[PDB]
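Take a look at the structure below.
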Amino acid sequence: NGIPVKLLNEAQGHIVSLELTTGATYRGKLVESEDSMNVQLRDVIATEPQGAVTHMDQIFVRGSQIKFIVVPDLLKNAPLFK
Amino acid sequence: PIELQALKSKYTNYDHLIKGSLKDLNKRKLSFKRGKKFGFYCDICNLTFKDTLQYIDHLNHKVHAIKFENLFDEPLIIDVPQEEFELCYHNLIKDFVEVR
Amino acid sequence: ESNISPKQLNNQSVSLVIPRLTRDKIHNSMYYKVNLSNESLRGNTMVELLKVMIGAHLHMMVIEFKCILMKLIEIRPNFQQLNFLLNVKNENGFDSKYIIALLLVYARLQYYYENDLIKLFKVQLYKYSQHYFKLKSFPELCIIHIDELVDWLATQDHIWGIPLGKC
Amino acid sequence: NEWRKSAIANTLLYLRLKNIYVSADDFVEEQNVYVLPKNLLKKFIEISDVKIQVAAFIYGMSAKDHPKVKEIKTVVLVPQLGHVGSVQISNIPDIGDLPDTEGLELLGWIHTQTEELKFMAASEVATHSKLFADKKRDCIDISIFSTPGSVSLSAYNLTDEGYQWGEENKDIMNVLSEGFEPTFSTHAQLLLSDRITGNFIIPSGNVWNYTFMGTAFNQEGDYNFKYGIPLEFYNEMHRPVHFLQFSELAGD
Amino acid sequence: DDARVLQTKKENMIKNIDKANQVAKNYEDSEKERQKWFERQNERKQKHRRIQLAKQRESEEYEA
Amino acid sequence: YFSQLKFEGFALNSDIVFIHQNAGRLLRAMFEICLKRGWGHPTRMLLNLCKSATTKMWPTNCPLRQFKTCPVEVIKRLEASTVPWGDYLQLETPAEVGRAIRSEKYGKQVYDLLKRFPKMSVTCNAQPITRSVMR
RNA sequence: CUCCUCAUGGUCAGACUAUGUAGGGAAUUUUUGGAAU
């Protein structure tokens with residue numbers, strides 16, 4: 001498995017932000033992250049490239065469609081320094 | 001990191017730390033700071049001591065223990081609600097048989 | 001203040017059990033400064049103090065015994081813990097090997113007459129004196145039987161340089 | 001003492017064969033006589049030490065010209081730990097596996113010393129008996145006296161009483177050596193020739209001298225053997241402890 | 001088979017020298033006890049009998 | 001230099017630099033000369049010396065040192081184990097090598113490297129062509 | 001050079017780590033393109 005996959009699994013239960021290949025940003029609490037980067041998310045606030053913002057309850061996006069994630073700074077401590 | 005935890009595991013157990021004398025009587029060709037390249041190595045404060053009583057006595061001193069704690073944590077300062085000798089002592093018999 | 005001289009055990013002090021000369025021989029000895037006291041035991045710790053002695057043909061001969069006994073004194077653990085450490089772990093035979101006379105001479109120094117429990121400890125040490133055990137001791141070299149060292153010890157005034165009182 | 005002075009002294013050992021003489025005993029066909037080549041002897045002298053006793057076994061067979069003549073073809077150098085005037089030696093070698101051994105009989109053994117004797121000493125006789133006790137009674141010994149400028153070949157035999165003496169008396173036993181005498185020993189017939197030559201067998205590890213390897217030597221223990229060139233008594237292979245001590249002198 | 005035996009005895013030689021090398025690195029009844037406490041207890045009763053005999057001599061001195 | 005000694009006082013270290021650059025040269029020359037002469041005692045020892053100048057080690061230091069990938073603890077253990085080199089080379093089973101080198105770790109690596117160390121089963125049959133010439 | 005697979009030697013109660021004459025890193029979530037304008 002990937003070390004960043006391992007971190008991303010640690011990120012479960014936290015509030016993360018996600019940018020997809022389309023460019024829409026989903027901020028919310030990450031329920032579940034599979035090995036394939038498929039992520040289940042809660043109470044998501046979404047900002048579109050046009051600037052419009054919406055709210056949704058439960059969202060699940062495919063791994064392949066995710067440009068990148070931003071995860072909280074708490075995890076930066078360890079154990080990935082090694 | 002993990003190597004620092006191994007260094008910890010070293011400066012904790014003395015039985016292995018006791019012997020830096022393995023050379024016994026031997027000739028070695030070449031202000032206590034950053035090591036003398038010889039003598040007894042204290043990496044915590046970065047001092048090397050030419051005699052044993054200074055090396056161990058300094059270790060028994062508070063300052064060396066203060067630095068040893070400031071490296072990571074304070075186990076050196078760390079009741080007996082009978083679980084200490086029951087569980088810990090039973091672990092002494094168990095580990096003793098494991099080594100034997 | 002001479003040495004630590006703290007606490008309890010017969011209303012005066014704990015370290016008074018051992019003479020000044022031998023006590024300062026130990027506190028000035030290498031073994032005490034290395035493997036014992038606060039930096040080695042993370043403060044006073046009886047179970048880790050036992051980790052030292054248990055960690056020590058066997059190399060340890062009954063200096064190191066004087067020192068480990070002295071730290072047993074200065075720490076002064078519970079008589080209950082003495083009971084457990086004495087009577088537990090019957091599933092292994094290498095555990096109490098040199099701990100026998102250690103926990104023995106310890107209580108031999110402690111008190112002279114909790115009282116009934118101490119007497120039960122003594123009569124149990126008599127049973128172990130009947131247990132027919134053999135051990136070696138050094139200062140010269142003398143191997144002695146547990147029956148001779150326990151009875152000769154309780155009946156004898158001085159033991160390896162430390163005097164004893166009559167219980 | 002130690003390695004330095006004797007090892008440096010070892011280079012001069014080729015000079016000891018420029019002059020070679022023996023007190024010439026009467027030649028007798030009644031008992032078997034030995035023919036020893038000049039090269040094997042020289043190589044053994046080179047490998048040997050000025051002080052410490054070096055000793056190997058020697059093998060050969062009877063030629064068809066005279067069955068009473070024994071030609072020494074094969075020297076067999078064996079695991080040993082030597083002292084001054086004494087040596088510890090392993091068992092009789094099992095060399096059947098090697099080629100060029102078609103019934104090579106056990107003729108005896110050879111050793112070095114510095115004292116001129118007409119008899120075999122206690123440390124030698126006891127060792128002889130321990131090697132050959134129940135195995136071969138009539139095997140012989142070659143005692144090479146060595147001193148700067150010349151060497152001397154003193155051959156010896158042994159009777160049945162000496163074996164008993166060695167069986168009973170192994171460690172120390174100086175008085176029973178004094179009583180034992182040189183009487184048991186009988187001067188065996190040995191010759192030195194350039195008309196034949198021979199070869200060496202050596203252990204598989206190629207370290208025959210266990211002087212400074214004290215743990216590895218075993219007085220009764222099995223070893224594989226091979227043909228090869230033997231090393232010097234003080235040689236780099238025989239002195240490994242010195243390199244760890246040499247680099248350990250500066251340390252790290 | 002012979003080659004395997006050579007490799008084996010070689011392995012045992014190496015291992016034995018290894019244990020020996022480790023050793024070098026490290027270097028770098030009951031009836032007699034019961035009867036013994038019987039004679040010792042007899043010595044204790046003999047000492048108490050000696051003290052009682054001394055008190056008897058003192059009682060005779062007081063009577064005299 | 002053969003034993004790998006760097007020094008504090010650098011006068012000696014400068015001289016040993018000179019010996020570093022020209023030593024394998026001179027030794028190799030001596031070896032070739034003896035080889036032309038046809039002398040047996042010097043040529044083998046000189047060849048060992050040349051090898052020692054090239055690879056910077058002794059015979060009593062194990063040849064596993066000149067592998068780039070072989071670790072330090074292992075080579076120390078073999079140096080201190082007092083064992084003939086032929087035995088280690090004859091050992092085949094990897095687990096058995098790890099047991100022989102008394103560290104369970106790295107044993108497989110060591111055996112791989114052994115099969116990467118030169119090992120020759122060599123035979124020779126001489127035979128005369130005529131009385132003087134021998135093939 | 002890296003990741004996986006496999007093999008392996010070890011350790012722990014499948015995982016981890018060194019090595020390998022090993023297999024591999026084009027068919028949906030990554031490295032053989034849905035990009036181009």
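Quick note on naming: the chains in the structure tokens go A, B, ... in the order shown, residues restart at 1 in each chain, and ligands are numbered from 1 in order of appearance.
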
Write out as number ranges by chain every residue belonging to chain E that has an atom at most 10 Å from any atom of chain C, counting only C-alpha atoms.
E: 29-34, 36-37, 40-41, 44

Just the selected residues (N, CA and C atoms), exported as a short mmCIF file (atom, residue, chain, number, x, y, z; two decimals), in the first residue's frame, please.
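Here's the written file result_39.cif:
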data_model
loop_
_atom_site.label_atom_id
_atom_site.label_comp_id
_atom_site.auth_asym_id
_atom_site.auth_seq_id
_atom_site.Cartn_x
_atom_site.Cartn_y
_atom_site.Cartn_z
N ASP E 29 23.24 -34.65 52.18
CA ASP E 29 22.69 -33.35 51.83
C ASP E 29 21.60 -32.93 52.81
N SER E 30 20.37 -33.36 52.53
CA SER E 30 19.25 -33.02 53.41
C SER E 30 19.41 -33.68 54.77
N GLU E 31 19.88 -34.93 54.80
CA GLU E 31 20.11 -35.59 56.08
C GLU E 31 21.26 -34.94 56.83
N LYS E 32 22.28 -34.48 56.11
CA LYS E 32 23.37 -33.76 56.76
C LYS E 32 22.89 -32.42 57.30
N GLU E 33 21.86 -31.84 56.68
CA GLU E 33 21.31 -30.58 57.16
C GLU E 33 20.45 -30.80 58.40
N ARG E 34 19.61 -31.83 58.39
CA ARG E 34 18.78 -32.12 59.55
C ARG E 34 19.63 -32.54 60.75
N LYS E 36 22.72 -31.72 61.08
CA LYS E 36 23.51 -30.54 61.42
C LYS E 36 22.72 -29.62 62.35
N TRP E 37 21.43 -29.44 62.07
CA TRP E 37 20.60 -28.63 62.96
C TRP E 37 20.27 -29.39 64.24
N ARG E 40 23.44 -28.70 66.17
CA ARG E 40 23.41 -27.28 66.52
C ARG E 40 22.39 -27.01 67.61
N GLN E 41 21.20 -27.61 67.51
CA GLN E 41 20.21 -27.47 68.56
C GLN E 41 20.69 -28.10 69.86
N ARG E 44 22.73 -25.60 71.38
CA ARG E 44 21.92 -24.56 72.00
C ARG E 44 21.41 -25.01 73.37
#

Using only C-alpha atoms (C1' of nucleotides), what does the table of chain A residues within 9 Å of chain G look like, with each row giving the shortest atom pair and its distance in Å to one decimal, sorted by chain and ascending number, as a Markdown table?
| residue | atom | partner | partner_atom | distance |
| --- | --- | --- | --- | --- |
| A:1 | CA | G:3 | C1' | 8.8 |
| A:2 | CA | G:3 | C1' | 8.7 |
| A:35 | CA | G:29 | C1' | 8.9 |
| A:36 | CA | G:29 | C1' | 5.2 |
| A:37 | CA | G:29 | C1' | 6.9 |
| A:38 | CA | G:29 | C1' | 7.6 |
| A:62 | CA | G:29 | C1' | 7.0 |
| A:63 | CA | G:29 | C1' | 5.1 |
| A:64 | CA | G:29 | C1' | 4.3 |
| A:65 | CA | G:29 | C1' | 8.0 |

Specify as an MDAnalysis selection string all residues of chain F found within 6 Å of chain E, counting only C-alpha atoms.
chainID F and resid 81 83 87 100

Residue set, range 56-155 of chain D restricted to strand (DSSP E or B), as number ranges by chain:
D: 56-62, 69-76, 80-84, 86-89, 105-113, 140-147, 150-155

Please write the residues from the selection above to a file, keeping N, CA and C atoms, as a short mmCIF file (atom, residue, chain, number, x, y, z; two decimals), in the first residue's frame.
data_model
loop_
_atom_site.label_atom_id
_atom_site.label_comp_id
_atom_site.auth_asym_id
_atom_site.auth_seq_id
_atom_site.Cartn_x
_atom_site.Cartn_y
_atom_site.Cartn_z
N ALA D 56 55.07 -32.96 12.44
CA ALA D 56 54.06 -33.50 11.54
C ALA D 56 54.12 -35.02 11.56
N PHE D 57 53.15 -35.66 10.92
CA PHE D 57 53.26 -37.08 10.61
C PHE D 57 54.02 -37.28 9.30
N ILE D 58 54.54 -38.49 9.12
CA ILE D 58 55.19 -38.85 7.86
C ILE D 58 54.71 -40.22 7.40
N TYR D 59 54.46 -40.32 6.09
CA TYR D 59 53.93 -41.49 5.40
C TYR D 59 54.78 -41.83 4.18
N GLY D 60 54.61 -43.07 3.74
CA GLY D 60 55.29 -43.60 2.57
C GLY D 60 54.92 -45.06 2.36
N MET D 61 55.73 -45.74 1.56
CA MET D 61 55.57 -47.17 1.30
C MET D 61 56.90 -47.78 0.88
N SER D 62 56.94 -49.11 0.95
CA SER D 62 58.10 -49.89 0.56
C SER D 62 58.21 -49.98 -0.96
N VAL D 69 63.54 -51.29 2.59
CA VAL D 69 63.71 -49.85 2.48
C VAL D 69 62.35 -49.19 2.46
N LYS D 70 62.22 -48.09 3.19
CA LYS D 70 60.98 -47.33 3.26
C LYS D 70 61.29 -45.93 2.74
N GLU D 71 60.66 -45.56 1.63
CA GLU D 71 60.85 -44.26 1.02
C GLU D 71 59.78 -43.33 1.58
N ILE D 72 60.19 -42.17 2.09
CA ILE D 72 59.18 -41.28 2.67
C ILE D 72 58.72 -40.37 1.55
N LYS D 73 57.55 -40.66 0.99
CA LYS D 73 56.98 -39.84 -0.07
C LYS D 73 56.13 -38.69 0.46
N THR D 74 55.29 -38.95 1.46
CA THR D 74 54.24 -38.00 1.80
C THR D 74 54.40 -37.56 3.25
N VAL D 75 54.79 -36.31 3.45
CA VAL D 75 54.68 -35.71 4.77
C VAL D 75 53.24 -35.26 4.96
N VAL D 76 52.72 -35.41 6.18
CA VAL D 76 51.35 -35.02 6.49
C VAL D 76 51.43 -34.07 7.68
N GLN D 80 48.02 -28.80 15.39
CA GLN D 80 48.85 -28.85 16.58
C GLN D 80 48.99 -27.48 17.22
N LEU D 81 49.28 -27.49 18.52
CA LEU D 81 49.59 -26.31 19.31
C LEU D 81 50.92 -26.58 20.01
N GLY D 82 51.96 -25.86 19.62
CA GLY D 82 53.29 -26.10 20.13
C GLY D 82 53.67 -25.21 21.30
N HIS D 83 54.61 -25.70 22.10
CA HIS D 83 55.24 -24.96 23.18
C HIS D 83 56.75 -25.07 23.01
N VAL D 84 57.50 -24.52 23.96
CA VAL D 84 58.94 -24.71 23.97
C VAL D 84 59.20 -26.09 24.57
N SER D 86 57.69 -28.88 23.84
CA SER D 86 56.52 -29.74 23.92
C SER D 86 55.50 -29.30 22.88
N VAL D 87 54.59 -30.21 22.54
CA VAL D 87 53.59 -29.92 21.51
C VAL D 87 52.35 -30.79 21.75
N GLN D 88 51.19 -30.25 21.40
CA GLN D 88 49.91 -30.94 21.41
C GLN D 88 49.49 -31.23 19.97
N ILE D 89 49.12 -32.48 19.69
CA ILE D 89 48.89 -32.92 18.31
C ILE D 89 47.57 -33.67 18.21
N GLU D 105 51.09 -46.46 3.93
CA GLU D 105 51.17 -46.88 5.31
C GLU D 105 51.65 -45.74 6.19
N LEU D 106 51.38 -45.88 7.48
CA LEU D 106 51.76 -44.89 8.47
C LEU D 106 53.15 -45.23 8.96
N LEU D 107 54.13 -44.43 8.53
CA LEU D 107 55.52 -44.72 8.88
C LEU D 107 55.87 -44.15 10.25
N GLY D 108 55.37 -42.97 10.55
CA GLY D 108 55.77 -42.37 11.79
C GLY D 108 55.46 -40.88 11.80
N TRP D 109 56.27 -40.14 12.56
CA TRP D 109 56.13 -38.70 12.65
C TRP D 109 57.49 -38.08 12.88
N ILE D 110 57.54 -36.77 12.68
CA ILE D 110 58.75 -35.97 12.67
C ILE D 110 58.50 -34.74 13.53
N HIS D 111 59.56 -34.22 14.15
CA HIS D 111 59.39 -33.07 15.02
C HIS D 111 60.71 -32.33 15.15
N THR D 112 60.63 -31.11 15.66
CA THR D 112 61.78 -30.24 15.87
C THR D 112 62.07 -30.06 17.35
N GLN D 113 63.33 -29.77 17.66
CA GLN D 113 63.73 -29.44 19.03
C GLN D 113 65.04 -28.67 19.01
N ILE D 140 58.12 -45.11 13.68
CA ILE D 140 59.36 -44.49 14.10
C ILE D 140 59.14 -43.01 14.40
N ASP D 141 60.22 -42.33 14.80
CA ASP D 141 60.22 -40.90 15.05
C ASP D 141 61.46 -40.27 14.43
N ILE D 142 61.31 -39.05 13.92
CA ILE D 142 62.45 -38.26 13.46
C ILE D 142 62.53 -37.03 14.35
N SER D 143 63.58 -36.94 15.16
CA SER D 143 63.83 -35.78 16.00
C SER D 143 64.90 -34.92 15.33
N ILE D 144 64.51 -33.73 14.87
CA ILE D 144 65.42 -32.83 14.19
C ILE D 144 65.94 -31.82 15.21
N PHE D 145 67.23 -31.90 15.50
CA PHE D 145 67.87 -30.87 16.30
C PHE D 145 68.21 -29.69 15.40
N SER D 146 67.80 -28.49 15.80
CA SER D 146 67.98 -27.32 14.95
C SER D 146 68.69 -26.22 15.72
N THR D 147 69.75 -25.67 15.12
CA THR D 147 70.49 -24.54 15.67
C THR D 147 71.03 -23.72 14.51
N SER D 150 73.46 -25.20 11.25
CA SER D 150 73.32 -26.60 10.84
C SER D 150 72.16 -27.25 11.58
N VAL D 151 71.63 -28.32 10.98
CA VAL D 151 70.60 -29.14 11.61
C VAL D 151 71.11 -30.58 11.65
N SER D 152 70.47 -31.39 12.49
CA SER D 152 70.89 -32.78 12.66
C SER D 152 69.67 -33.68 12.77
N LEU D 153 69.70 -34.79 12.04
CA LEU D 153 68.58 -35.73 11.98
C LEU D 153 68.86 -36.86 12.95
N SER D 154 68.10 -36.92 14.04
CA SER D 154 68.25 -37.99 15.03
C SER D 154 66.99 -38.85 14.98
N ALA D 155 67.11 -40.03 14.37
CA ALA D 155 65.98 -40.94 14.27
C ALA D 155 65.88 -41.82 15.52
#

Do you know which residues are at most 10 Å from residue 55 in chain B counting only C-alpha atoms (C1' of nucleotides), after dropping those on the same chain fewer than 3 positions away, and could you put them as a PyMOL selection string?
(chain B and resi 39-42+47-52+58-61) or (chain C and resi 34)

Atoms to include: C-alpha atoms. Write the selected residues as a compact mmCIF listing (two decimals), in the first residue's frame.
# COMPACT_ATOMS: atom_id res chain seq x y z
CA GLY B 39 37.31 8.11 27.10
CA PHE B 40 33.70 7.47 28.04
CA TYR B 41 30.98 8.78 25.75
CA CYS B 42 28.02 10.75 27.09
CA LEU B 47 30.85 15.13 27.08
CA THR B 48 33.46 12.38 27.35
CA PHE B 49 35.04 11.42 30.67
CA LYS B 50 38.49 9.90 31.08
CA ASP B 51 37.57 8.09 34.32
CA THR B 52 34.71 5.81 35.29
CA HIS B 58 27.81 12.61 36.19
CA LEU B 59 25.09 10.20 35.08
CA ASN B 60 23.88 10.03 38.68
CA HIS B 61 23.93 13.83 38.73
CA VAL C 34 25.55 2.71 38.18

Compile the residues of chain B that lie within 9 Å of chain C, evaluated using only C-alpha atoms, and express the compilation as JSON, numbers by chain.
{"B": [12, 13, 14, 15, 18, 52, 53, 56, 57, 59, 60, 61, 62, 65, 74, 75, 76, 77, 78, 80, 82, 84, 85, 86, 88, 89, 90, 92, 93, 94, 96, 97, 100]}

For chain B against chain F, with a cut-off of 12 Å and counting only C-alpha atoms, what is the closest atom pair and its distance in Å to one decimal for every residue that makes the cut, ordered by chain and number, as a Markdown table?
| residue | atom | partner | partner_atom | distance |
| --- | --- | --- | --- | --- |
| B:28 | CA | F:7 | CA | 11.6 |
| B:29 | CA | F:8 | CA | 8.5 |
| B:30 | CA | F:8 | CA | 5.8 |
| B:37 | CA | F:8 | CA | 10.9 |

List the spatial neighbours of residue 108 in chain C as a PyMOL selection string - criterion: any atom at most 9 Å away, only C-alpha atoms (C1' of nucleotides), same-chain residues fewer than 3 positions off excluded.
chain C and resi 103-105+111-112+122+153-154+164-165+167

Kindly provide the residues of range 3-35 of chain G that approach range 112-125 of chain F to within 12 Å, each paired with its closest atom pair and their distance in Å to one decimal, based on only C-alpha atoms (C1' of nucleotides), listed by chain and increasing number, as CSV.
residue,atom,partner,partner_atom,distance
G:8,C1',F:112,CA,10.7
G:9,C1',F:112,CA,11.0
G:18,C1',F:112,CA,11.9
G:19,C1',F:112,CA,7.0
G:20,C1',F:112,CA,7.4
G:21,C1',F:116,CA,10.4

Report, in Å with one decimal, the straight-line distance from CA of residue 62 in chain C to CA of residue 102 in chain C.
8.9 Å

Name all residues at most 7 Å from range 67-72 of chain A (count only C-alpha atoms (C1' of nucleotides); drop same-chain ones fewer than 6 positions away) and give them as an MDAnalysis selection string.
chainID A and resid 11 15:21

Got time to write the residues from that selection, N, CA and C atoms, as an mmCIF file, in the first residue's frame?
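Below is the file that was written, selection.cif:
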data_model
loop_
_atom_site.group_PDB
_atom_site.id
_atom_site.type_symbol
_atom_site.label_atom_id
_atom_site.label_comp_id
_atom_site.auth_asym_id
_atom_site.auth_seq_id
_atom_site.Cartn_x
_atom_site.Cartn_y
_atom_site.Cartn_z
ATOM 1 N N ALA A 11 -6.670 10.182 8.150
ATOM 2 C CA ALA A 11 -7.484 11.386 8.055
ATOM 3 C C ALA A 11 -8.972 11.126 8.252
ATOM 4 N N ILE A 15 -12.002 16.802 9.261
ATOM 5 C CA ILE A 15 -12.564 17.673 8.238
ATOM 6 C C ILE A 15 -11.490 17.927 7.192
ATOM 7 N N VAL A 16 -11.770 17.521 5.955
ATOM 8 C CA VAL A 16 -10.846 17.644 4.844
ATOM 9 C C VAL A 16 -11.537 18.411 3.722
ATOM 10 N N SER A 17 -10.721 18.899 2.789
ATOM 11 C CA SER A 17 -11.211 19.547 1.580
ATOM 12 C C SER A 17 -10.715 18.782 0.363
ATOM 13 N N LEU A 18 -11.545 18.712 -0.670
ATOM 14 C CA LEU A 18 -11.276 17.890 -1.842
ATOM 15 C C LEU A 18 -11.478 18.720 -3.093
ATOM 16 N N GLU A 19 -10.503 18.691 -3.987
ATOM 17 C CA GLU A 19 -10.674 19.254 -5.315
ATOM 18 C C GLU A 19 -10.633 18.136 -6.340
ATOM 19 N N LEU A 20 -11.674 18.091 -7.181
ATOM 20 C CA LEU A 20 -11.907 17.064 -8.187
ATOM 21 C C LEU A 20 -11.344 17.545 -9.522
ATOM 22 N N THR A 21 -11.352 16.656 -10.517
ATOM 23 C CA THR A 21 -10.862 17.024 -11.842
ATOM 24 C C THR A 21 -11.697 18.133 -12.461
#

Can you work out the spacing between CA of residue 22 in chain F and CA of residue 40 in chain F in Å, to one decimal?
24.7 Å

Which residues come within 10 Å of residue 60 in chain A, counting only C-alpha atoms (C1' of nucleotides), excluding same-chain residues fewer than 2 positions away, as an MDAnalysis selection string?
chainID A and resid 30:33 38:42 58 62:63

For range 7-24 of chain C, please output as a VMD selection string all residues within 10 Å (counting only C-alpha atoms (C1' of nucleotides); exclusion window: fewer than 3 positions along the same chain).
chain C and resid 2 to 4 27 to 29 63 66 to 67 70 to 71 73 to 76 109 to 112 161 to 164

Can you write out the residues you just picked, keeping N, CA, C and O atoms, as a tab-separated table (two decimals), in the first residue's frame?
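Ended up saving to again_17.tsv:
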chain	number	residue	atom	x	y	z
C	2	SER	N	23.71	13.55	56.63
C	2	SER	CA	24.49	12.42	56.17
C	2	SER	C	23.66	11.53	55.27
C	2	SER	O	22.61	11.02	55.67
C	3	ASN	N	24.14	11.33	54.04
C	3	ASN	CA	23.48	10.53	53.01
C	3	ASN	C	22.03	11.00	52.83
C	3	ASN	O	21.76	12.20	52.92
C	4	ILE	N	21.10	10.07	52.58
C	4	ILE	CA	19.69	10.45	52.48
C	4	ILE	C	19.02	10.46	53.85
C	4	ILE	O	18.30	11.40	54.19
C	27	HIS	N	27.80	3.31	48.93
C	27	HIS	CA	27.43	4.53	48.23
C	27	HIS	C	28.60	5.12	47.46
C	27	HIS	O	28.41	5.89	46.51
C	28	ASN	N	29.83	4.76	47.84
C	28	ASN	CA	30.99	5.12	47.05
C	28	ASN	C	31.41	4.01	46.10
C	28	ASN	O	32.36	4.20	45.32
C	29	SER	N	30.75	2.86	46.14
C	29	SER	CA	31.06	1.78	45.22
C	29	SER	C	30.50	2.07	43.84
C	29	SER	O	29.60	2.89	43.67
C	63	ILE	N	29.51	-7.74	47.63
C	63	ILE	CA	29.45	-6.33	47.24
C	63	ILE	C	28.10	-6.02	46.61
C	63	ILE	O	27.36	-5.15	47.10
C	66	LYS	N	25.40	-6.85	49.13
C	66	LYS	CA	25.36	-5.81	50.15
C	66	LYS	C	24.65	-4.57	49.63
C	66	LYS	O	23.82	-3.97	50.33
C	67	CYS	N	24.94	-4.19	48.39
C	67	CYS	CA	24.36	-2.99	47.81
C	67	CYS	C	22.86	-3.16	47.57
C	67	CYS	O	22.06	-2.32	48.00
C	70	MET	N	21.07	-3.05	50.65
C	70	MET	CA	21.02	-1.70	51.21
C	70	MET	C	19.93	-0.87	50.55
C	70	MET	O	19.23	-0.10	51.22
C	71	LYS	N	19.77	-1.00	49.23
C	71	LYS	CA	18.73	-0.24	48.56
C	71	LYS	C	17.35	-0.78	48.91
C	71	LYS	O	16.38	-0.02	48.99
C	73	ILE	N	16.65	-1.81	51.85
C	73	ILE	CA	16.43	-1.06	53.09
C	73	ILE	C	15.92	0.34	52.78
C	73	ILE	O	14.79	0.70	53.15
C	74	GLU	N	16.73	1.14	52.09
C	74	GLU	CA	16.41	2.56	51.90
C	74	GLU	C	15.05	2.77	51.25
C	74	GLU	O	14.38	3.76	51.52
C	75	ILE	N	14.63	1.84	50.38
C	75	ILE	CA	13.31	1.97	49.76
C	75	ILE	C	12.22	1.54	50.73
C	75	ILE	O	11.17	2.19	50.84
C	76	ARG	N	12.45	0.44	51.45
C	76	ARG	CA	11.53	-0.07	52.46
C	76	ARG	C	10.15	-0.33	51.85
C	76	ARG	O	9.21	0.44	52.10
C	109	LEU	N	16.75	-7.55	59.04
C	109	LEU	CA	17.13	-6.20	59.44
C	109	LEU	C	15.94	-5.33	59.81
C	109	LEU	O	16.10	-4.39	60.60
C	110	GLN	N	14.76	-5.60	59.25
C	110	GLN	CA	13.63	-4.69	59.41
C	110	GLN	C	13.24	-4.49	60.87
C	110	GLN	O	13.49	-3.42	61.44
C	111	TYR	N	12.64	-5.50	61.50
C	111	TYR	CA	12.01	-5.27	62.79
C	111	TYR	C	12.17	-6.51	63.67
C	111	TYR	O	12.38	-7.61	63.16
C	112	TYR	N	12.06	-6.30	64.97
C	112	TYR	CA	12.22	-7.35	65.97
C	112	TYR	C	11.03	-7.30	66.92
C	112	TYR	O	10.68	-6.23	67.43
C	161	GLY	N	29.55	-8.81	58.03
C	161	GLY	CA	29.96	-7.49	58.45
C	161	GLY	C	28.88	-6.63	59.06
C	161	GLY	O	29.20	-5.67	59.77
C	162	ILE	N	27.61	-6.93	58.82
C	162	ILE	CA	26.50	-6.15	59.36
C	162	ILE	C	26.00	-6.83	60.63
C	162	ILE	O	25.68	-8.02	60.62
C	163	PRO	N	25.93	-6.11	61.74
C	163	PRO	CA	25.41	-6.71	62.98
C	163	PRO	C	23.90	-6.88	62.91
C	163	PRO	O	23.23	-6.25	62.09
C	164	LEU	N	23.36	-7.72	63.79
C	164	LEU	CA	21.94	-8.01	63.84
C	164	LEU	C	21.46	-7.89	65.28
C	164	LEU	O	22.25	-8.07	66.22

From a DSSP pass on the backbone, collect the residues of chain B flagged as helix (DSSP H, G or I) and hand them back as a PyMOL selection string.
chain B and resi 2-12+14-17+52-60+62-71+83-99
